[PDB]
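**Student:** The structure under discussion is supplied below as structure tokens; questions concerning it will follow.
So basically every Cβ, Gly included, is an ideal-geometry build from the backbone, and we count neighbours across all protein chains shown. Every number in this text was worked out from the coordinates using simple rules, so none of it is lab data.
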Ligand SMILES: Nc1ncnc2c1ncn2[C@@H]1O[C@H](COP(=O)(O)OP(=O)(O)OP(=O)(O)O)[C@@H](O)[C@H]1O
Ligand SMILES: Nc1ncnc2c1ncn2[C@@H]1O[C@H](COP(=O)(O)OP(=O)(O)OP(=O)(O)O)[C@@H](O)[C@H]1O
Ligand SMILES: [Mg+2]
Ligand SMILES: [Mg+2]
């Protein structure tokens, strides 16, 4: 590339000196000059006609002269920024000399160089101020000409996508302005520890403008940024991914024995999905996934296809770590010697084979761990819970393998015979073994139930639990004990109903939870019935919790990493990789 | 495989079932008992097979420190799952320990236990 | 009063918090523990003041007869009120007692407990639960003895604990009898644990900040300050 940019005013001999600044000559030269007639293009034309190989051009701003007015200044700034964007080389930053012109366009060009990158911002000066070509030729021969250099300037590497979004606009007027950077500059402080919620310390290396744009409120137009961000999912049920659509159809087709499957059953469609305008009961939500689940994944082929499709969706959503809950007893039948253990073994083997295959090809891969969900309902008998706990404890002892059981889950419970306050004797074994414990303590459960889950079971993560506001002691214990909280904005938004739900005034407490310091994480619950992956699940927070910031999203990701049931070495490696990827994407996503 | 092969030839064989051993160490890793119990339970889900897990064994030294009066909570699950419990209490068989094994543990078999004449 | 008068003149000050030691006597008045607990709870209702009690300490002899396997009923109330619990199980600390302190007592930070190397499951549980361990290098070096102590080849487990990922803090226990302040306690790691790096000292500071019994907003304010001060002192030391 090696493109030089200069601003020419009354003086015209600065351009040859800027050309001679490099010790091997330039390759392309473009000069932006004002519409004033003082500038003489004849000298530049005759100087650059001696070297046809280099490229020369001249741009004049129509309707501007001497830039003595606020409207004139803003129009000149906009036109100069557009010209700078147009002549950016595709890969290499361009050199820029701003000696020519009055302090106005000089300062504007320096600001543009800071904003859009500049391989070398340099000045040219001489003792006698030469005018003719012979004068500065003799000056450079003697060495009088000095090339002031203030150092390389990386600029902010992602601002050129504006060029892809802003047309050439060769013929335009004063209306066509792009104050998309001045808005953040005004919004610096126009709104305590928010600077210190800085996760992934390499964000400190980021440009100041990028650090600022991180602090601006999240907007619905950041779908690309959210999708490109590596994410962590901790609440993603396996049985609710291929509920309906093409994925369910191909899962059904890939069954080993499709004769026994029930393809006639279809789930009723709720109008307005996924942003339904009416509240949905938990029982109806569970029934909505009856197309998939226990009744379908009994055969090996359907289960393997469903797991492969779920992993494909996970790696397509840039999720770099996910914990999937599976219930082996739902997919186990003794007719074909398919026990719960063999079902869990098949799921684990498929996940580890997919992970190893993806990693061998040196592509982006999603490390996946499994939670054995121990739903304590059954037909009123607790042998199911003991069987699930024993299965998880034995599944830990596999040891070798990438994907492994990390913890258990408790769900499918209401109260009394199902309350968690009467199982700690069983849970002594699972705690001694080393498994983690996660609770589904939502469904408007009493705060005493949450207390029992936190203390009696020593649970490390609580599902949903949106009623923490009504119990200040519960919030104090949760924050002080560093107990993570997982919520699904789409699932809890449809099931319960939060603003902007019509005829609903309750607000999502995610912003308040983040302000209070709860280790809150964002998840997907069931991908299929909810019909929204992690990307839109995070994007909806711009409406569910207005006023949230991108820095809060990165804090969400950091909390998800911190509260995951992983070994310390793996957690450190994951944190390092996540920080590097986040820095890279943020450095190449402020372009738009 | 051995049992089926013997049955195919239509001769005398020996049907065999397996009891896991809940060995006691108290030299660290006290969760071993639980692990063993869990193992037994999940093996019951094999379902098929002429040979199958039929219960657990309470092997190990059975002095006062290692009595069966502390582990009813762990054994509630193994009793719920249908396994039979055998107590390997041999020497230093205090009558209180055997009573606890019989009643608290709901054991259906006692190993050795040659001191029953002392406690009518 | 001291903290307020130090803040008024706008200088460096040391924010402090209180811990009520619920030690064990066994020479009578066995209710003392309960009394201490009650006292702590009542004093939490002070509300105001930059200095307030944030937890209790389970000091005293740590034999089996007075282990943490009897006091769950008493400690349910202190857990409910909102006081953190620190276990002083460092002497004759059987792994069962430490496990009971972690789970039955819901201890948020252990005291000493230098024998975690032998028990892998206990160390794994401590690492996973993110519970801190406070070790004073000078006190443990004088009492237990570690290299380069003559006729003592035992290695201090601080470096291994840090490598494993435990949240380990360095303290003084008693400034008087030990005769060494916090700076000397950190300095002694040069020969107590060979190979420890300065970044590991910063890790120790971060762990001590994280495991401290403080409110979240105060914790983040402290973390921001600490970031500024550490940056300043590191820059000054490197430039000079
Ligand atoms: N599950 C079993 N366990 C032990 N013995 C069995 C079992 N099933 C069958 N048997 C016995 O094995 C024997 C097979 O041998 P056989 O058919 O010649 O009968 P037999 O007249 O008793 O002569 P033999 O001495 O060979 O047993 C049968 O007698 C049968 O009663
Ligand atoms: N509770 C505290 N205890 C100790 N230091 C504190 C405390 N709170 C704030 N500080 C820090 O004390 C310093 C007050 O002095 P100042 O505002 O001049 O900052 P400074 O540039 O570091 O200069 P100085 O040497 O005076 O600290 C602040 O940096 C502040 O972050
Ligand atoms: Mg769920
Ligand atoms: Mg002490």
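**Student:** Expressed as a fraction of 2.2 N^0.38 Å, the rule-of-thumb size for a compact globular protein of N residues, what is the C-alpha radius of gyration of region A:37-119?
**Tutor:** Against the empirical 2.2 N^0.38 Å value, I get 1.18 for region A:37-119.
**Student:** Taking 0.36 nm per intervening residue step and subtracting the Cα-Cα distance, what contour gain separates residue A:271 from residue A:250 on full extension?
**Tutor:** Length gained, residue A:271 through residue A:250: 5.1 nm.
**Student:** While we're here: If I take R0 = 45 Å and measure r between the Cβ atoms of residue B:69 and residue A:224 in this structure, what FRET efficiency does the formula 1/(1 + (r/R0)^6) give, to the nearest 0.05?
**Tutor:** Efficiency, rounded to the nearest 0.05: 0.10.
**Student:** How long is region A:333-430 along each principal axis, judged by its Cα atoms, biggest number first, in Å?
**Tutor:** 52, 31, 22
**Student:** Within the protein assembly as shown, what percent of beta bridges assigned by DSSP are antiparallel, to the nearest 5?
**Tutor:** In the protein assembly as shown, approximately 10 percent of DSSP beta bridges are antiparallel ones.
**Student:** Any idea how far apart residue A:194 and residue C:38 come out in nm if each label point goes 7 Å out from Cα toward Cβ?
**Tutor:** 4.8 nm
**Student:** Please compute P(r) over all alpha-carbon pairs of the protein assembly as shown, binned at 20 Å starting from zero, and give each bin as a whole-number percent.
**Tutor:** 11, 34, 31, 17, 5, 1, 0
**Student:** Further question: Would you mind giving the three semi-axes, in whole Å and largest first, of the ellipsoid equivalent to region C:137-238 according to its Cα gyration tensor?
**Tutor:** In descending order the semi-axes read 26, 15, 14 Å.
**Student:** Sticking with this one: How many nm is it between the label spots at residue C:50 and residue B:16, if each spot is 7 Å from the Cα in line with the beta carbon?
**Tutor:** Reported label-point gap for residue C:50 and residue B:16 is 7.7 nm.
**Student:** Next up: Taking just the C-alpha trace of region A:1-85, give me its Rg and Dmax in Å.
**Tutor:** When restricted to the Cα atoms of region A:1-85, Rg and Dmax are 13.6, 41 Å.
**Student:** Arranged by the count of other C-beta atoms within 10 angstrom, fewest first, what order do C:103, A:493 take?
**Tutor:** C:103, A:493
**Student:** Next question. Where the eigenvalues come from the Cα gyration tensor of region A:488-555, what are the semi-axes √(5λ) of the equivalent ellipsoid, largest first, in whole Å?
**Tutor:** Equivalent ellipsoid of region A:488-555: 18, 16, 10 Å, largest first.
**Student:** For a test of the definition: using alpha carbon positions, the gyration tensor, and the 1.5 limit on a/c, classify region A:321-377 as rounded, prolate or oblate.
**Tutor:** Because a/c hits 1.5 or more and a/b fails to exceed b/c, region A:321-377 counts as oblate.
**Student:** Run through all the Cα pairs of region A:462-525 and give the fraction in each 10 Å bin from 0, expressed as whole percent.
**Tutor:** The distribution over region A:462-525 is 21, 55, 22, 2, given as percents.
**Student:** Based on the Cβ-Cβ distance of residue A:507 and residue A:278, what FRET efficiency does E = 1/(1 + (r/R0)^6) give at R0 = 25 Å, to the nearest 0.05?
**Tutor:** 0.85
**Student:** Sticking with this structure for a sec: If you take the beta carbon distance between residue B:8 and residue A:397 as r and set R0 to 22 Å, what does 1/(1 + (r/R0)^6) give as a FRET efficiency, to the nearest 0.05?
**Tutor:** Here the calculated transfer efficiency is 0.05.
**Student:** At q = 0.09, 0.17, 0.23 Å⁻¹, what log₁₀ I(q)/I(0) does region A:187-308 have when each alpha carbon counts as one equal point scatterer in the Debye sum?
**Tutor:** Computed log10 I(q)/I(0) values: -0.48, -0.94, -1.38.
**Student:** Please report B:79, B:73 as a ranked list, fewest other C-beta atoms within 10 angstrom at the top and most at the bottom.
**Tutor:** B:73, B:79
**Student:** Given axes a ≥ b ≥ c from the Cα gyration tensor, I'd like to know whether chain C is rounded (a/c under 1.5), prolate (a/b larger than b/c) or oblate.
**Tutor:** Oblate is the answer for chain C, as a/c is 1.5 or above yet b/c matches or exceeds a/b.
**Student:** Please work out whether region A:279-374 counts as rounded, prolate or oblate from its C-alpha gyration tensor, where a ≥ b ≥ c are the square roots of the eigenvalues and a/c under 1.5 means rounded, while otherwise a/b larger than b/c means prolate and anything else oblate?
**Tutor:** oblate
**Student:** Here's something else I'd like to know. Computed over the Cα atoms, what is the radius of gyration of region A:405-465 divided by 2.2 N^0.38 Å, N being its residue count?
**Tutor:** 1.03
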